[PDB]
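Protein chains in written order, with the entry's author numbering: chain B, 2 to 12, 18 to 212; chain E, 421 to 445, 452 to 453, 491 to 543, 551 to 565, 600 to 645; chain A, 4 to 48, 50 to 52, 52A, 53 to 82, 82A to 82C, 83 to 100, 100A to 100G, 101 to 126, 137 to 214.
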């Protein structure tokens, strides 16, 4: 038995949860904050759990179910999973991330050459920083002597900040010491919604 | 409240009947006193409406020992059919919920005590039995 | 209800996970286990009351074995033949039953959550490299999780962005932590990151300078 939630990302609003087989109202909802434990909200699509605020409502039956919320309090921005508890096996779905919405902020791009302490170990790492940008969607593309780089870069996005509700990204490009000395130009191209033109930040070995 | 349930379930025949006790998933004596040590699961006495019977002593004091002590029994005569599951997984009846030889009084354990009634149709019943209006569901063919 | 401690084991082995129960009846409620990969959804790996009923999931039915053994209400959990994708946090939650519960089975209460990491790499101390100019420290080649980073012994808590760890191709981890400061105070204030890899007890204080 399979489950699927319709909204991939979210920014009154509702969340959908569609099944593959028919179920006569035996679905549960859960709320999970990043770092804490999942919390039960509704346990039979209609009746909410005791202690859950009345603003959390649930409707739907059969193949499609809905989780309806009206007021968005600061204690509600988290991931929400739906569970099927009719027959075995119990199955969840890909949780919907409810993100905040704000003014589109432009990313602050910074690039960092590898340190000389690391070059003495036979490997090099180049970092391109993106600080405080909205939304989470970004696009980083490395270039070495105007040559496309893919497969050796690994990214990591932080959670949405609490003071300004912005994201931050840091892409790491790992090269060998030998191949790092074979080139002199290293660039980091960034494409974001808060930028009318692809801002480029580059440097030379020197 | 939940302590008034006889859980003397000893699946010696290895039939695994307790599986349908926890979740949902084929080929007449009157109700009196029955010991709780030979009962596994809730007891449902069937008036016009299905009523759950708890575990008490010989006088009727509600005992909270899960039917472990021998002083735990069920007073089926005080609710004047009743059904229950014994220790080895048999639907022991007396009088059960078969008001009509083709129908059956519905209750949260209709499919566990009577598995061959899953394909039965439910109907809404309203009737003044002895002046009291009872609302319940049936399960006919 | 409290689980066991976090364990880290190499692939192709077995992990024994414990749990406990307090404030409810152990026979009635079934005890389930839930898996959550880092950055992914919740997996339904299942349940067992001490009545002797067990129903595993299709994928985990081969190697996962959940035993009740209501000696002190443990509800053990043994997962043999581990693999790299089994690296996930595991929970011990209460799933309801059609006896006392309103429906078949709902996870009304969950466990603290135990982290289980499956990797062939051994415990290795980190190597901090400076990101000279915004500036930061680059923690590279450390195992296993976690690693704590602070600046000036915690005296600088504004504008600090500690990025989550990344699993490299070599099985080791790599983490970055940057901080934004005005250029007028670049040659005035001294910035030092405080990296502490407690699994290896490797405390590092790196002074970051430009040029």
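From the three backbone atoms N, C-alpha and C, an ideal C-beta is built for every residue, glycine too.
Between the options, which lies nearest to residue i when the distance is taken from Cα to Cα?
i, options, result
"residue 551 (chain E)", "E:619, E:534, E:562 and E:524", "E:562"
"residue 201 (chain A)", "A:187, A:193 and A:150", "A:150"
"residue 82 (chain A)", "A:50, A:172, A:207 and A:162", "A:50"
"residue 13 (chain B)", "A:180, A:174, A:109 and A:90", "You won't find residue 13 (chain B) in this model, because chain B goes from 12 right to 18."
"residue 614 (chain E)", "E:517, E:504 and E:557", "E:504"
"residue 58 (chain A)", "E:429, E:530, E:537 and E:445", "E:445"
"residue 177 (chain A)", "A:113, A:147 and A:111", "A:147"
"residue 643 (chain E)", "E:610, E:555 and E:518", "E:610"
"residue 119 (chain A)", "A:13, A:52A, A:205 and A:169", "A:205"
"residue 184 (chain A)", "B:51, B:137, B:191 and B:65", "B:137"
"residue 426 (chain E)", "E:443, E:529, E:624 and E:605", "E:529"
"residue 5 (chain A)", "A:214, A:188 and A:105", "A:105"
"residue 559 (chain E)", "E:618, E:421, E:422 and E:516", "E:618"
"residue 146 (chain B)", "B:181, B:154, B:121 and B:196", "B:196"
"residue 183 (chain B)", "B:158, B:168 and B:124", "B:124"
"residue 95 (chain A)", "A:27, A:170 and A:167", "A:27"
"residue 421 (chain E)", "A:100, A:124, A:74 and A:53", "A:100"
"residue 188 (chain A)", "A:33, A:213, A:14 and A:108", "A:213"
"residue 39 (chain B)", "B:59, B:81 and B:92", "B:81"
"residue 64 (chain B)", "B:48, B:56 and B:76", "B:48"
"residue 181 (chain B)", "B:142, B:133, B:174 and B:209", "B:133"
Can you give me the start and stop residues for the alpha helix (DSSP H) that residue i sits inside?
i, result
"residue 643 (chain E)", "Careful: residue 643 (chain E) lies outside any alpha helix (DSSP H), inside the beta strand (DSSP E) at 636 to 644."
"residue 442 (chain E)", "439 to 442"
"residue 614 (chain E)", "614 to 617"
"residue 194 (chain A)", "Taken as a continuous stretch (DSSP letters only), residue 194 (chain A) belongs to no alpha helix (DSSP H), being part of the beta strand (DSSP E) at 194 to 200."
"residue 184 (chain B)", "183 to 187"
At a cut-off of 6 Å, is residue i close to the ligand ZN when judged by its beta-carbon and the heavy atoms of the ligand?
i, result
"residue 176 (chain A)", "Among the ligands in the structure shown, none appear at all, so the ligand ZN cannot be discussed."
In this structure, what does DSSP give as the bridge partners for residue i?
i, result
"residue 88 (chain B)", "B:35"
"residue 36 (chain A)", "A:92"
"residue 513 (chain E)", "E:509"
"residue 67 (chain A)", "A:82"
"residue 123 (chain A)", "A:140"
"residue 193 (chain B)", "B:149 and B:208"
"residue 102 (chain A)", "A:94"
"residue 28 (chain A)", "Its beta-bridge partners do not exist; DSSP assigns none."
"residue 504 (chain E)", "E:426"
"residue 497 (chain E)", "E:537"
Considering just the uninterrupted stretch of the beta strand (DSSP E) at residue i, what are its terminal residues?
i, result
"residue 47 (chain A)", "Segment: none, residue 47 (chain A) is in no beta strand (DSSP E) and carries neither H nor E."
"residue 61 (chain B)", "Here residue 61 (chain B) belongs to no beta strand (DSSP E), and DSSP marks it neither H nor E."
"residue 100D (chain A)", "Looking at the DSSP string, residue 100D (chain A) is not in any beta strand (DSSP E), and its letter there is neither H nor E."
"residue 554 (chain E)", "552 to 555"
"residue 29 (chain B)", "19 to 29"
"residue 609 (chain E)", "From DSSP, residue 609 (chain E) is part of no beta strand (DSSP E); its letter is neither H nor E."
"residue 564 (chain E)", "561 to 564"
"residue 630 (chain E)", "625 to 633"
"residue 208 (chain A)", "205 to 211"
"residue 5 (chain A)", "No beta strand (DSSP E) contains residue 5 (chain A), which DSSP labels as neither H nor E."
"residue 75 (chain A)", "Segment: none, residue 75 (chain A) is in no beta strand (DSSP E) and carries neither H nor E."
"residue 108 (chain A)", "107 to 111"
(message) Between the region 513 to 524 of chain E and the region 430 to 440 of chain E, can you find at least three pairs of beta-carbon atoms closer than 8 Å?
(response) no
(message) When you compare the region 196 to 212 of chain B with the region 104 to 124 of chain B, are there three or more beta-carbon pairs, one atom per stretch, that lie closer than 8 Å?
(response) yes
(message) Below 8 Å, how does it come out for the region 185 to 198 of chain A and the region 140 to 155 of chain A: are there three or more Cβ pairs, yes or no?
(response) yes
(message) Does the region 88 to 95 of chain B come into contact with the region 157 to 167 of chain B, if we say contact requires no fewer than three beta-carbon pairs (one atom in each stretch) closer than 8 Å?
(response) no
(request) Write down every uninterrupted run of the alpha helix (DSSP H) in the region 80 to 168 of chain B whose length is 4 residues or greater and which is fully enclosed by it, in chain order. (result) 122 to 125
(request) Check whether the region 155 to 162 of chain A touches the region 121 to 134 of chain B, counting contact only when three or more Cβ pairs, one atom from each stretch, lie closer than 8 Å. (result) no
(message) Contact between the region 62 to 73 of chain A and the region 632 to 645 of chain E is defined here as three or more beta-carbon pairs at a separation below 8 Å; is this criterion met?
(response) no
(message) Between the region 95 to 104 of chain B and the region 493 to 500 of chain E, can you find at least three pairs of beta-carbon atoms closer than 8 Å?
(response) no
(message) When you compare the region 63 to 80 of chain B with the region 23 to 37 of chain B, are there three or more beta-carbon pairs, one atom per stretch, that lie closer than 8 Å?
(response) yes
(request) Could you pull out every unbroken beta strand (DSSP E) segment of at least 3 residues lying fully inside the region 153 to 177 of chain A, listed in chain order? (result) 163 to 165
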